[PDB]
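Structure at a glance
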Amino acid sequence: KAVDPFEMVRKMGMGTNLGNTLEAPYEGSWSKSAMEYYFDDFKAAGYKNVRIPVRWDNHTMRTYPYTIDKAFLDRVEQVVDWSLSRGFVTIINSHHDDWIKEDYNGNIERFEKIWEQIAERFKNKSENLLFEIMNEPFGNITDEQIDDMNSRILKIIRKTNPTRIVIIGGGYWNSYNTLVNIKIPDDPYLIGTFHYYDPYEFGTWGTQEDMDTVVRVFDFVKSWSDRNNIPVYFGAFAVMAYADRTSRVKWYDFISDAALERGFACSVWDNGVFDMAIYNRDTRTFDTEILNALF
Ligand SMILES: O[C@@H]1[C@@H](O)[C@H](O[C@@H]2CO[C@@H](O)[C@H](O)[C@H]2O)OC[C@H]1O
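Presented here is a report on the structure given in the accompanying data block. (Residues numbered from 1 in each chain as written, not as in the entry; some residues may be left out. Heavy atoms only, no water. Residues with missing side-chain atoms left out of burial classes, pairs and counts.)

Our next topic: the site of the ligand. Around the ligand sit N20, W30, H95, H96, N135, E136, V239, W269, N271 and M276, and those are all the residues in its vicinity. At a separation of 3.0 Å, an oxygen atom of the ligand approaches a polar side-chain atom of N20. The separation between an oxygen atom of the ligand and a polar side-chain atom of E136 is 2.9 Å. Counting atoms within 2 Å of the grid points, the majority share of the ligand lands in the largest pocket. For the shell around the ligand, the per-class residue count stands at four nonpolar, five polar and one charged. (Near = heavy atom within 4 Å. Polar contact = N/O pair within 3.5 Å; in protein donor to acceptor, adjacent residues only side chain to side chain. 1 Å grid on protein atoms, 1.4 Å probe; cavity = no way out; pocket = protein on both sides within 12 Å on 5 of 7 lines; lining within 4 Å. Sits in = over half its atoms within 2 Å of the grid points. Nonpolar A, V, L, I, M, F, W, Y, C, P; charged D, E, K, R; others polar.)

As structure tokens, then:
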């Protein structure tokens, strides 16, 4: 007996991303690196969870045995503990580690070793630390390889983390269609996550129709959720350009109302740039209007 996915999702509520930080090529190379006070402010702001993207590529050896720099693991643990110590449901993953998609067969072992070491190093963390296998799994990889990856990375995790909730891609959506996974691993500690995906990238968001599209997507995902008995998590919503200020505020308010109503847990995307940012890391102030739209 441990905490179950549905209980975890209800607990996660609305949260935030620590974007363009640990998933940049090197911490700091993009947005300001992680500072402990970030978490004090997130807490004071109402966030109930913090997703922490991480790109392991440049901190892991490029050749066998694919060891992760101890120094980097220490760094991620420091940031995780700041989050966990403040009561946040904390999520860590693999983000922008595209090398794995560029050659699945050739790089899957390095990906396993990476996950092997992560699971090991955090095996004793609170139940509130969740393992998200890979940020946006859909794309330049086959549906079979995606399924193979989840099964094997999940199996690695389970050896040292028997009951820790793992997050895997449940599907994605766009203005034309929604895709959901039918092939779900047989595990009692999984949460499904969906992101906006468009296989044909080759307007501006915020309209009426756009909202009708999302409510549609959300209802289908919800049906998926009830049918497969698996909670839902929108790990990075509101990653779009809007026609104007008033439209942006409206979208955050809408999206979060619709998700929380259907019992979905979610994290807003915040790249810390002042440009899809809600929290200013230099002034330690939030875009109050948006924060109120989320809660
Ligand atoms: O500044 C850019 C970031 O905003 C960008 O972050 C992507 C935004 O969409 C989300 O779905 C992705 O997860 C997130 O990585 O990355 C590139 C950077 O230059």
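Note that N128 resides in the loop between helix 5 (104-121) and strand 4 (129-132). Residue classification places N128 among the buried positions, given a relative accessible area of 12%. Side chain to side chain, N128 and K11 meet in a polar contact 2.5 Å long. (Helix = DSSP H or I, 4+ residues; strand = E, 2+ residues; numbered from the N terminus. Buried < 20%, exposed > 50% of the residue type's maximum accessible area, 1.4 Å probe, protein only.)

Turning next to empty space enclosed by the protein. In this approach, a probe sized like a water molecule rolls over the atoms, and the result shows the empty space that is left. One number sums up the size of the largest cavity: a volume of about 90 Å³. Every residue lining the largest cavity is counted, 13 residues in all, and those nearest its centre are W173, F234, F237, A238 and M240. Of all the elements in the fold, those that place two or more residues in the lining of the largest cavity are strand 7 (190-196), helix 7 (208-228) and strand 8 (232-237). For the lining of the largest cavity, a count of residues per class yields 12 nonpolar, one polar and no charged. One number sums up the size of the second largest cavity: a volume of about 70 Å³. Taken together, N135, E136, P137, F138, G169, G171, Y172, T193, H195, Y196 and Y197 make up the lining of the second largest cavity. (Points joined across faces, edges and corners; volume = space filled by probe spheres on them.)

Bringing the packing of helix 5 against helix 6 (residues 143-160) into the picture now. Between helix 5 and helix 6, the shortest axis-to-axis distance is 9 Å and the interhelical angle comes to 25 degrees. With respect to their mutual orientation, helix 5 and helix 6 come out roughly parallel. For the pair helix 5 and helix 6, the crossing hand works out as right-handed. Across the interface between the two elements, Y104, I108, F111, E112, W115, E116, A119 and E120 from helix 5 touch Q145, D148, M149, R152, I153, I156, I157 and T160 from helix 6. (Axes fitted to C-alpha atoms, helices over the stretch in contact; angles between N-to-C directions. Parallel < 35°, antiparallel > 145°, perpendicular 65-115°, else oblique. Left-handed = near helix turned anticlockwise from the far one by under 90°. Contact = heavy atoms within 4.5 Å.)

Overall, the coordinates contain 28 aromatic pairs when judged by the stated rule. Pairing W56 with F72 gives two aromatic rings, centres 5.7 Å apart and planes at 90 degrees, and the pair type is edge-to-face. With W56 in the loop between strand 2 (49-52) and helix 3 (70-85) and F72 in helix 3, this pair connects stretches of sequence that are 16 residues apart. This pair shows no difference in class: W56 is buried, exactly as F72 is. Aromatic side chains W173 and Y196 sit 5.0 Å apart centroid to centroid with 85 degrees between the ring planes, which places their arrangement in the edge-to-face category. Of this pair, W173 sits in strand 5 (residues 166-173) while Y196 sits in strand 7, and the two are 23 residues apart along the sequence. Overall, the relative accessible area of 29% leaves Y196 in the partly exposed class. In textbook terms, an aromatic cluster arises when at least three aromatic residues are bridged by ring pairs, as seen for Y37, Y38, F39, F42, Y47, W82, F88, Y279, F286 and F295. (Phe/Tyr/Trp six-rings, centres within 6.5 Å; stacked < 30°, edge-to-face > 60°.)

The values are spatial; any link to function lies outside them.
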